[PDB]
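Structural overview for review
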Amino acid sequence: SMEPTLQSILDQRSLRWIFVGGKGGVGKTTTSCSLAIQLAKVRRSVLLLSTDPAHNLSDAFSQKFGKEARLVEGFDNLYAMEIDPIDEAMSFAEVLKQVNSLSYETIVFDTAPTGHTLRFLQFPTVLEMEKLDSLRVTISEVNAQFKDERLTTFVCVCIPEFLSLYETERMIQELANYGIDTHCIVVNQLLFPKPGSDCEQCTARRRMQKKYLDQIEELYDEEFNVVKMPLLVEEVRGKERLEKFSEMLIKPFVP
Amino acid sequence: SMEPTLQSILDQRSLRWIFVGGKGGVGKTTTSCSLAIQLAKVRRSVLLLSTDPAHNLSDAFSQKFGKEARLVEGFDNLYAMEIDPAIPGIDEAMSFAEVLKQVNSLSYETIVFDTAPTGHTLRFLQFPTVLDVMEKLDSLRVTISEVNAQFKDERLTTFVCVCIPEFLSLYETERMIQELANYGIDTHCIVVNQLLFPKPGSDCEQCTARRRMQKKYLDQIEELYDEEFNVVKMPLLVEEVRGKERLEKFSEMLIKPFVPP
Ligand SMILES: Nc1ncnc2c1ncn2[C@@H]1O[C@H](COP(=O)(O)OP(=O)(O)O)[C@@H](O)[C@H]1O
Ligand SMILES: Nc1ncnc2c1ncn2[C@@H]1O[C@H](COP(=O)(O)OP(=O)(O)O)[C@@H](O)[C@H]1O
Ligand SMILES: [Mg+2]
Ligand SMILES: [Zn+2]
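Rules of the game
Residues numbered from 1 in each chain as written, not as in the entry; some residues may be left out. Chains lettered and ligands numbered in written order. Heavy atoms only, no water. Helix = DSSP H or I, 4+ residues; strand = E, 2+ residues; numbered from the N terminus. Rg over C-alpha atoms; globule rule 2.2 N^0.38 Å. Areas by Shrake-Rupley, 256 points an atom, 1.4 Å probe, with all protein chains shown as cover. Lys, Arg positive; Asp, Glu negative; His and termini not counted. Charge placed at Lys NZ, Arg CZ, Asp CG, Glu CD. Buried < 20%, exposed > 50% of the residue type's maximum accessible area, 1.4 Å probe, protein only. Pairing = 2+ DSSP bridges. Right-handed = clockwise from strand over helix to strand, strands pointing away. Donors = N, O, S within 2.8 Å, 3.2 Å for Na, K, Ca; no water. Contact = heavy atoms within 4.5 Å. Buried area = accessible area lost by both parts, 1.4 Å probe. Salt bridge = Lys/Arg side-chain N within 4 Å of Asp/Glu carboxyl O. Polar contact = N/O pair within 3.5 Å; in protein donor to acceptor, adjacent residues only side chain to side chain. Near = heavy atom within 4 Å. Nonpolar A, V, L, I, M, F, W, Y, C, P; charged D, E, K, R; others polar. Axes fitted to C-alpha atoms, helices over the stretch in contact; angles between N-to-C directions. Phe/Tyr/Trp six-rings, centres within 6.5 Å; stacked < 30°, edge-to-face > 60°. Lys NZ or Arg CZ within 6 Å of the ring centre and 35° of its normal.

Structure determination for this entry, per the PDB record, employed X-ray crystallography and reached 3.50 Å resolution.

It is worth spelling out the overall build of chain A at this point. Helices and strands together make up the secondary structure of chain A, namely nine helices and seven strands. The C-alpha atoms of chain A give a radius of gyration of 18 Å, which matches the 18 Å a tight globule of 255 residues would have. If one aligns the C-alpha atoms of chain A with their principal axes, the spans along those axes are about 70 × 40 × 30 Å. A total of about 12,300 Å² of accessible surface is found on chain A, and carbon and sulfur atoms cover 53% of it. Computed over 29 positive and 38 negative side-chain charges, the inter-centroid distance for chain A is 3 Å.

For the rest of this paragraph, the subject is the pairing of strand 3 (residues 78–82) of chain B. All names here are of chain B. Judged by how many residues are buried, strand 3 sits mostly within the fold: four of five residues are covered. For strand 2 (residues 46–50) and strand 3, the ladder comprises five bridges, and the chain directions are parallel. Its bridge partner being in strand 3, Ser 50 is matched across the sheet by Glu 82. Following the backbone out of strand 2, through helix 3 (residues 56–61) and into the adjacent parallel strand 3, one traces a crossover that is right-handed.

With that settled, the discussion passes to the coordination of the zinc ion (ligand 4). Ligation of the zinc ion (ligand 4) by protein atoms is provided by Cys202(A) (SG), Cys204(B) (SG) and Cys207(B) (SG), these donors lying 2.0 to 2.5 Å from the ion. You can see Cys202(A) sitting in helix 8 (residues 200–220) and its partner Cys207(B) sitting in helix 8 (residues 205–225), one on each of two chains. In this structure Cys207(B) comes out as buried when scored by relative accessible area, which is 6%.

Moving on, we get to the interface of chain A and chain B. Contacts between the two partners involve 28 residues from chain A, matched on the other side by 30 residues from chain B. With both chains or domains summed, chain A and chain B bury close to 2,400 Å², and 52% of this area falls on carbon and sulfur atoms. Per-residue buried area on chain A facing chain B is highest for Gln201(A), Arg205(A) and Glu235(A); these three make up 22% of the total on that side. In this assembly, chain A and chain B are joined by zero salt bridges. Linking chain A with chain B are six residue pairs in polar contact.

Take helix 5 (residues 114–127) of chain A next. Residues and elements named next belong to chain A. Along helix 5, the positions that sit buried rather than exposed are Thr 114, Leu 118, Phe 120, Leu 121, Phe 123 and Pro 124. Where helix 5 is buried, its residues meet helix 4 (89–100), helix 6 (130–147) and helix 7 (162–177). Looking one or two residues past helix 5, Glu 128 carries a phi angle of roughly 85 degrees, positive in sign.

On to the pattern of salt bridges, then. Residues and elements named next belong to chain A. In this structure the tally under the stated criterion is twelve salt bridges over all chains. With its nearest N and O atoms 3.2 Å apart, the salt bridge here joins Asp 214 to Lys 210. With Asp 214 and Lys 210 both in helix 8, this residue pair falls four residues apart, about one helical turn. On the accessibility criterion, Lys 210 (34% relative accessible area) is partly exposed.

The subject of this paragraph is the site of ligand 2. Neighbouring residues of ligand 2: 19 residues in total, closest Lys23(A), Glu161(A), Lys28(B), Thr29(B) and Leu237(B). In this structure ligand 2 sits where residues from chains A and B come together. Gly25(B) has a polar backbone atom sitting 2.9 Å from an oxygen atom of ligand 2. Within the backbone of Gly27(B), an N or O atom sits 3.1 Å from an oxygen atom of ligand 2. About the coverage of ligand 2: the protein hides 90% of its 560 Å² of free accessible area. The set of elements that each furnish at least two residues to the shell around ligand 2 consists of helix 2 (28–39) and strand 6 (187–195) of chain B. For the shell around ligand 2, the leading source of residues is helix 2 of chain B, giving three residues. The residue inventory of the shell around ligand 2, partitioned by class, reads seven nonpolar, six polar and six charged.

All names here are of chain B. As summarised here, the arrangement of the seven strands in space is 3-2-4-1-5-6-7, forming an open sheet in which the pairing is parallel. Since the sheet does not close on itself, it has two edges, and those belong to strand 3 and strand 7 (230–235), each with one partner. The sheet shows a mean angle of 20 degrees between the axes of neighbouring strands, direction not considered. One ladder, built from four bridges, connects strand 1 (residues 17–21) with strand 4 (residues 110–114); its direction is parallel. Note on strand 4: the bridge partner recorded for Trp 17 is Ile 111. Its contacts with the sheet put helix 7 (residues 167–182) on strand 1, strand 5 (157–163) and strand 6, and the angle it makes with strand 5 is roughly 165 degrees.

All right, on to the sheet that holds strand 5 (residues 152–158) of chain A then. Working definition: the strands of a sheet are paired by backbone hydrogen bonds and lie parallel or antiparallel to each other. Residues and elements named next belong to chain A. One open sheet accounts for seven strands, arranged 3-2-4-1-5-6-7; its pairing is parallel. The sheet is open, and its two edges are formed by strand 3 (78–82) and strand 7 (225–230), each paired on a single side. Between one strand axis and the next, the sheet turns by 20 degrees as a mean value, whatever way the strands run. Here six bridges tie strand 6 (residues 181–190) to strand 7, and the two strands are oriented parallel to one another. Its bridge partner lying in strand 7, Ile 185 is registered against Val 226. The sheet strands contacting helix 7 are strand 1 (17–21), strand 5 and strand 6, and the helix crosses strand 5 at an angle near 165 degrees.

For the rest of this paragraph, the subject is the packing of aromatic side chains. Counted under the stated rule, the structure contains 26 aromatic pairs over all chains. Judged by centre distance (5.5 Å) and plane angle (85 degrees), the rings of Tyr220(A) and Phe224(A) are edge-to-face. By the ring-pair criterion, three or more aromatic residues cluster together here, those being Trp17(A), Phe19(A), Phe92(A), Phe109(A), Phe120(A), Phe146(A) and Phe154(A). A cation sits over an aromatic face here: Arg237(A) above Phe167(B), 3.9 Å from the ring centre. When the ring centre of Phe162(A) is taken as reference, the NZ or CZ atom of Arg242(B) above it lies at 4.1 Å.

Here it is in structure tokens:
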């Protein structure tokens, strides 16, 4: 059993590429932000980077963002940008490369669902004139970065419900197969009924969710920071609301 | 104002390709099923076809499915299958195009498609307008302007839009409906999903507040689209919607409004 908190990612300075994965709408984006916001507080600079074809960085922050970096309003520290790149994975490689050797200390990546993330990792192994070798070279480098776990982890976002956790599983697992590190799970949108209330629906639900959770724990307790975040009444938008949510990431809502 | 039900899709016999779209996890797959289930009840046969680079038909029905058609357990009528297909997007759509052509020539009377994210269906459209060996660019040519014919024909093809009350989802439904407009393709239904109506008689801050927050959205959807979209409302159930059994039930509401006071 480890802290149910991301404190550890705060602590691990080595980190250069933090990847947030999970299933469509489990709340990936929302975290990516929260996480950045939180790192942004304790790093020199943090670049938040969306690849998802539909970008919601902007929407999340209420702020037009481009393939051009820029300061996030209400910060001096944190930057965000939204771009889009057999062979789609090649344009992606290029971005990381150039970015990687940018003057940003840590990057939190947002992207197209476990799906693309997946195919891409697989790739290198796929390939198994001198520009042939030139490409090879760089991929190879990039891949190593990936396996180096001082430089790269994944956070797993998910909510309690069959189809999401089933990804988080496979995902964690391929991450294992490809020799890439990952030790956090943001289980999100938990419903805790407000104490003192009897309310069929909330009770019943906390029941149904609870069930999943317990599992998650039992499975992963010992090796994953398993973070628990409350499902808020309102969407999580605005620097303001996001800062707040992001707190919990770091110190457990425990009501 | 039209009925808040998909009765119209049951009624519209000409339909051949029903596409269910919306944002990741708003409940696309679940409807696709429910919708097929219900059509299945009043068509000769229905093919439920997934492209999501995912395997969620199976998971939804608890049943291994493949690029090979097959009978859905507990039905004699309904079939489901799951596959995955110098430019980029180009190779890709080529693929998809070929699927449909392929599949349009089976007996199945009506097909309900499940698929890869607005991004992907979107690429498809932007693409055409845009767009004994080589004698072959001719053949694709042909395949697209027909396929794309059938997209533009509103006797053969609509979209159903799925979504739930929350900023980001509805903002897609909007753009989507809109591009659908721009590309001359029909669409006239909205399954707003996951509504929370508090059980009557219950005072319960959170449920109240939420019904408040969602309600706000809904009222809107209605005002804007009341007059021209069947705006269907579906309750958010305690348990996941899996199993033929559970999906049958759910799907009912698709057709006859959950209306609890
Ligand atoms: N714990 C939560 N409570 C309330 N709203 C949330 C929560 N997590 C996410 N949301 C809202 O629900 C939507 C889903 O979050 P998002 O990060 O966009 O998911 P994804 O990017 O994984 O599809 C967003 O509109 C967000 O504001
Ligand atoms: N209205 C609802 N009530 C209860 N559970 C639902 C409802 N809609 C969807 N679900 C379940 O939520 C999860 C996601 O639904 P899904 O159809 O997979 O979304 P998508 O296909 O858009 O990614 C699945 O558990 C689904 O069965
Ligand atoms: Mg789906
Ligand atoms: Zn309640």
